[PDB]
Amino acid sequence: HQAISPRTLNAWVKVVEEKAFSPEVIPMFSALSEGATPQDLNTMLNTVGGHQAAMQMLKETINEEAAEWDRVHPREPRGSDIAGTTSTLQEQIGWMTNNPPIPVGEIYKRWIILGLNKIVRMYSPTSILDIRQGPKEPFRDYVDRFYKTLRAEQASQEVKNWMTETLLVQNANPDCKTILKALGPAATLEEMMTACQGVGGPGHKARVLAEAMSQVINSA
Amino acid sequence: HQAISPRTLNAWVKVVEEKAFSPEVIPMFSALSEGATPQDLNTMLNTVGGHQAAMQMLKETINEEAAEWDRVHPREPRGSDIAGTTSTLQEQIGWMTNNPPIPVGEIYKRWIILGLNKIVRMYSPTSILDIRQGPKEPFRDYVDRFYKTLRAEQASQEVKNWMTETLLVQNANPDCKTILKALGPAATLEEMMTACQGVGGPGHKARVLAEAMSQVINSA
Amino acid sequence: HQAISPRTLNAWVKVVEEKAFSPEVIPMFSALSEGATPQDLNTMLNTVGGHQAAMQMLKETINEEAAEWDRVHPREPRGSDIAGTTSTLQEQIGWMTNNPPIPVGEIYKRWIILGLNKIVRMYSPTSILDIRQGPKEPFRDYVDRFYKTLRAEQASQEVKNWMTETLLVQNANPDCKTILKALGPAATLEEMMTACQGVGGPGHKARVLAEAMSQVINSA
Amino acid sequence: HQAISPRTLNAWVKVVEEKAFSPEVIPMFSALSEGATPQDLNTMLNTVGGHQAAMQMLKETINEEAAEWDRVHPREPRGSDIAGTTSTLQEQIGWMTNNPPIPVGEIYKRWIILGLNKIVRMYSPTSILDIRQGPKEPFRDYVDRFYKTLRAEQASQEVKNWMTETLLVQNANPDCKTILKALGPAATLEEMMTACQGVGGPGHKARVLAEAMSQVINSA
Amino acid sequence: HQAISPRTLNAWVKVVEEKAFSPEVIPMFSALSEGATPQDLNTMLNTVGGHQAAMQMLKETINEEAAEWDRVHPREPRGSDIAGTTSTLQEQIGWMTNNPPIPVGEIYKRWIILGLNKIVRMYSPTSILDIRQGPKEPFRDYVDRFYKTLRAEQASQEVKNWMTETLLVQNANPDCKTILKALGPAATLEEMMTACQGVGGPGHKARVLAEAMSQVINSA
Ligand SMILES: C=C(C)[C@@H]1CC[C@]2(C(=O)O)CC[C@]3(C)[C@H](CC[C@@H]4[C@@]5(C)CC[C@H](OC(=O)CC(C)(C)C(=O)O)C(C)(C)[C@@H]5CC[C@]43C)[C@@H]12
């Protein structure tokens with residue numbers, strides 16, 4: 001048999017990790033899995049890195065599809081057999097080669113396509129550019145979330161360092177941003193966190209309130 | 001057979017604690033665990049202390065690889081048998097030294113290497129130096145977290161006391177920092193907490209607002 | 001036979017592309033591919049996407065090692081047979097399971113390790129951060145190089161758009177930088193290229209020389 | 001045998017010409033060639049007009065895929081047999097209709113999809129809108145490049161004349177653009193080339209430098 | 001038979017690496033390889049790392065000597081047999097132990113000595129001390145050449161870093177040297193490259209010409 005070659009599987013993983021879950025991944029999946037066995041489709045789906053929530057919804061949709069097949073359809077393959085959960089590779093090969101054919105691979109591909117369509121319909125891909133500090137969020141938690149996303153980000157080490165240099169100070173709230181810009185660019189992460197530790201405390205609130213009242217009093 | 005030695009295990013634990021989960025763990029592990037029965041691998045993994053979340057991820061990854069082996073591969077070892085959970089030492093050695101050999105230890109090493117690579121990729125070590133105080137965080141909760149982290153980390157007692165003296169006051173927000181500096185160095189922990197209890201309350205906030213207003217009025 | 005797994009190969013590709021050719025590539029290759037046939041090693045080598053020059057030198061190093069093996073060593077494996085070029089999986093499996101065994105996979109792995117060590121020794125990765133306009137380079141050639149590198153760069157589309165927004169004007173030469181800065185942030189790529197189309201022509205050089213001489217005369 | 005109809009082939013050529021090597025050609029290629037004999041796939045690939053570099057890229061990718069097939073897989077078809085080079089239509093039809101079937105057409109389609117995906121990943125189309133004069137390029141070579149691109153462009157004669165009237169003067173460098181604008185709309189191509197013959201010569205540089213210094217002196 | 005020991009081969013490699021291709025290479029090669037078979041001589045020749053051009057000339061000289069031997073002379077050894085390309089170790093041992101002996105190793109050593117003498121005659125080794133920036137060379141190209149030579153240079157990492165901080169700015173052209181000196185020792189490679197990116201452009205030319213003319217006018 002001609003299963004999924006490593007090149008095809010790696011191209012699938014690359015296209016998924018490059019285009020996230022955009023609609024354009026739906027055609028690519030169908031093209032790279034023509035004639036694929038249900039076990040081959042399961043291997044195709046199981047090698048996706050990240051996107052745990054999307055894979056969870058895809059598995060849930062596959063489960064609903066299998067339940068629907070079990071309800072409508074009373075050896076004869078079942079929903080789990082088509083999905084490959086309880087089915088040997090030899091059984092699938094026999095099913096797709098027996099006369100008359102039972103395209104278990106085609107049915108599984110249809111179910112996976114339905115799940116992919118739903119995901120693409122309501123997905124929302126996170127990114128390092130979408131990590132910004134809240135109006136009242138502490139700077140330490142902002143740095144924690146930013147670095148977690150950066151570690152989850154897909155880029156080279158130098159590009160990640162450039163992201164750290166730029167977006168960390170770019171995407172902070174004005175209260176922390178004014179303090180951060182009041183410091184020199186040479187300031188490292190520890191100094192920035194120490195400077196922004198005070199933001200939100202009673203002392204910082206009193207200081208900003210006093211500055212505002214002094215400015216408005218001097219204006220009038 | 002020749003199983004793992006106490007010095008081998010001690011060196012493994014020592015490097016794990018020293019480098020936490022630095023990438024150098026990946027080679028060094030493969031410099032000790034090679035040629036070992038998967039039971040020795042399980043002992044190697046379980047002997048470690050701390051990093052419970054990382055060990056949970058590592059176990060989860062081995063579970064995923066065992067499920068993958070059970071799916072692709074239909075006595076012949078199963079995924080749990082290779083993982084060592086449901087395989088005894090005798091049949092384990094028999095599998096290792098069979099004709100043809102079934103490298104159960106090699107496959108378990110590959111799974112553990114995959115899990116360690118994931119951990120190295122997305123895990124950030126926690127240290128006492130990273131424990132600071134939030135802008136609204138009460139001082140008592142800060143001290144509790146500080147002491148919990150201090151007890152968690154390994155060091156000699158003299159270094160622990162030096163850290164307590166030099167870091168607890170230093171890694172505090174300006175509101176607590178001002179009160180702490182206004183107190184004498186001879187002040188103990190109970191005195192420090194008592195003097196810092198009022199921070200964040202109504203009286204302290206009113207007092208700081210009063211100083212800010214007085215400074216503004218005196219300036220102009 | 002238990003050949004390589006899709007997850008292991010995916011992880012190998014992931015580490016190769018994430019770390020480029022950092023030294024950390026050598027241990028991981030020694031962990032994922034340890035115990036594999038020469039065909040599996042060839043698959044892992046050929047599957048790696050990008051870095052055409054580095055894979056070329058790896059092929060040259062493997063060829064040199066095979067030639068040395070042929071020169072020293074007079075069915076008995078040859079250099080090409082060990083490298084997998086002129087051998088089948090059945091022949092290799094028989095070789096590593098013969099009495100006495102002939103570790104063809106081990107020798108091929110050693111050759112690949114030597115090649116990877118040489119690459120890590122003298123290979124310098126390229127990145128979009130290293131694309132800077134020359135002092136005499138036309139702006140359009142710089143833009144073409146920048147966009148080619150961006151297309152070759154491993155990043156998400158949003159990150160690539162951010163790179164286009166920032167680095168393209170950030171890495172331009174001062175003569176083009178002045179014009180781009182005077183253009184304003186709202187300028188598009190076509191307008192930016194039109195504005196810098198004359199940098200280096202007789203008119204621009206005459207203008208800048210006249211400005212410099214006017215500054216000198218006004219100073220005097 | 002139901003081969004590829006002329007309408008399907010011409011539609012494939014039309015979408016390739018109109019959409020270029022945009023992503024939307026992967027879905028279209030799969031839809032029009034679903035069930036195609038490898039000879040039919042080669043006919044679709046060869047009929048594409050233009051895009052010599054991209055077609056060569058696809059040929060190299062198909063060659064690498066055939067080499068991979070030959071390496072992994074020991075009448076039994078070979079890589080060139082799947083690619084359709086060393087195989088007749090009768091042999092491929094018999095392979096498709098054999099028991100068990102050998103989907104050589106599906107494998108060739110997968111290889112072509114892989115090559116198309118790589119091309120779409122890194123291809124960049126060229127158009128007459130991208131033909132601009134360099135800051136030091138002589139006007140005549142710019143006109144030659146512009147007319148070569150215009151001849152290679154797919155458009156009507158009147159549209160091509162309109163772009164000749166507009167873009168040729170629009171996309172010239174500032175030094176030539178000033179002269180062309182001062183010439184007049186009535187000026188033909190020969191007069192335009194004659195007026196821009198001196199751009200870059202000693203006389204033109206002396207003239208522009210003199211004008212710049214005269215402006216500077218008059219300003220002072 | 002007593003072949004060449006690893007210590008002798010390592011000493012030969014160290015001598016070549018530390019003396020480059022000084023005349024003292026000839027005596028040491030005559031002392032370490034005295035009595036070696038052509039296979040051992042080929043091992044020492046091919047093992048030498050670096051100096052690709054020198055080894056190419058040595059191979060060319062060996063080929064010329066082999067051609068001369070084939071022309072002058074009518075199993076009976078041949079030129080390639082003396083060079084070890086065609087002959088095996090058993091044949092070489094038989095020739096050296098035949099009555100009368102045929103010292104093919106001695107002839108091959110003479111050919112290698114002739115090649116080494118030619119190399120020592122006309123070979124000039126490159127060093128990081130000879131990497132100087134051209135009068136019109138861009139700074140980034142000079143940096144690339146310097147770093148490639150440094151990577152090829154035999155030294156420790158700390159010494160290489162010291163070379164980076166000293167020679168890179170020490171061996172820059174005066175136009176770039178002035179800007180680098182005006183920057184300061186605190187500047188890193190990125191800031192230095194950004195500052196020197198404008199050297200050799202209309203703005204920099206206008207600036208330096210204006211400075212010189214202002215100096216002349218002030219002097220007058
Ligand atoms: C301010 C002054 C004190 C004096 C008072 C008035 C003045 C005079 O009466 O003397 C009018 C003439 C000028 C403006 C000088 C200043 C200097 C200049 C200059 C020397 C400037 C540098 C320029 O050099 C290049 O452009 C050379 C190169 C780049 C290689 C190229 O060929 O393009 C050239 C073109 C050679 C000019 C010639 C015109 C003069 C003499 C003025």
Side-chain angles (χ1 to χ4, degrees), chain A residues 3 37-40 42-43 46-47 80-81 83-92, chain B residues 1-5 8-9 12 26 29-30 32-48 54-119, chain C residues 1-12 31-37 40 93 96-97 101 105:
Chain A
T37 329
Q39 192 185 272
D40 274 86
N42 274 317
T43 299
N46 277 342
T47 63
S80 34
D81 309 30
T85 284
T86 89
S87 149
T88 65
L89 177 54
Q90 262 53 36
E91 259 173 344
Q92 303 169 7
Chain B
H1 85 302
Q2 326 286 5
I4 198 176
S5 53
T8 319
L9 250 184
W12 165 237
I26 272 170
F29 174 71
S30 34
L32 297 138
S33 45
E34 64 81 25
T37 278
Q39 166 148 305
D40 300 332
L41 289 163
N42 282 315
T43 283
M44 263 207 96
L45 287 171
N46 304 352
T47 301
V48 74
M55 269 326 140
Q56 205 43 251
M57 319 189 29
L58 193 272
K59 201 134 183 335
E60 274 161 35
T61 299
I62 287 135
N63 284 321
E64 309 197 70
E65 318 283 356
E68 262 275 282
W69 178 275
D70 275 316
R71 235 192 63 244
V72 191
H73 289 71
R75 53 182 197 115
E76 222 68 353
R78 307 240 52 80
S80 84
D81 279 1
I82 306 181
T85 37
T86 87
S87 53
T88 88
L89 200 278
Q90 204 150 30
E91 79 218 337
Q92 195 147 174
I93 276 303
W95 282 334
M96 302 234 69
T97 76
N98 198 310
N99 256 0
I102 301 73
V104 284
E106 253 307 355
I107 301 171
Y108 199 17
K109 285 190 51 28
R110 208 178 330 247
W111 299 348
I112 297 163
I113 278 289
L114 286 176
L116 280 197
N117 184 50
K118 211 190 298 313
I119 292 177
Chain C
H1 174 46
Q2 321 291 343
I4 206 190
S5 82
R7 306 172 60 79
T8 309
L9 209 161
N10 268 120
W12 163 242
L32 300 176
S33 60
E34 172 183 326
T37 67
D40 303 313
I93 278 303
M96 341 201 297
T97 66

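Naming: A, B, ... by sequence-line order, numbering from 1 per chain.
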In Å, rounded to the nearest 0.5 Å, how long is the span from [atom1] of [X] to [atom2] of [Y]?
X: B:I112; Y: B:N117; atom1: CD1; atom2: CG; result: 13.5 Å
X: B:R78; Y: B:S87; atom1: CZ; atom2: OG; result: 12.5 Å
X: B:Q39; Y: B:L89; atom1: CD; atom2: CG; result: 4.5 Å
X: B:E60; Y: B:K118; atom1: CD; atom2: NZ; result: 10.5 Å
X: B:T43; Y: B:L9; atom1: OG1; atom2: CG; result: 7.0 Å

Can you name the nearest heavy-atom pair linking [X] to [Y], along with the distance?
X: A:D81; Y: A:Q92; result: O-NE2, 4.3 Å
X: B:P38; Y: B:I82; result: CB-O, 3.5 Å
X: C:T97; Y: C:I93; result: OG1-O, 2.7 Å
X: C:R7; Y: A:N46; result: NH1-O, 3.5 Å
X: B:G105; Y: B:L41; result: O-CD1, 3.6 Å
X: A:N42; Y: A:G84; result: ND2-CA, 3.5 Å

Inset, instruction - Give me the ring orientation class for B:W69 and B:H73: parallel if the planes are under 30° apart, tilted from 30 to 60°, perpendicular past 60°. - result: parallel

Check whether [X] reaches the backbone of [Y] with its side chain - one donor and one acceptor, N or O, closer than 3.5 Å.
X: B:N63; Y: B:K59; answer: yes
X: B:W12; Y: B:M44; answer: yes
X: A:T88; Y: A:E91; answer: yes
X: B:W95; Y: B:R75; answer: yes
X: C:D40; Y: C:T37; answer: yes
X: B:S30; Y: B:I26; answer: yes
X: B:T85; Y: B:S80; answer: yes

Legend entry - B:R110/B:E65 salt bridge by N-O under 4.0 Å criterion: no

Inset, instruction - Would you mind checking if B:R71 and B:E68 are paired as a salt bridge, meaning a charged N to carboxylate O distance below 4.0 Å? - result: yes

Legend entry - B:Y108 vs B:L45, side-chain contact (heavy atoms from CB on, under 4.5 Å): CA-CA, chis, key distance, verdict: CA-CA 11 Å; B:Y108 199 17; B:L45 287 171; 4.0 Å; yes

Inset, instruction - Go through the steps to decide whether C:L32 and B:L114 satisfy the test side-chain contact (heavy atoms from CB on, under 4.5 Å), and finish with yes or no. - result: CA-CA 8 Å; C:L32 300 176; B:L114 286 176; 3.9 Å; yes

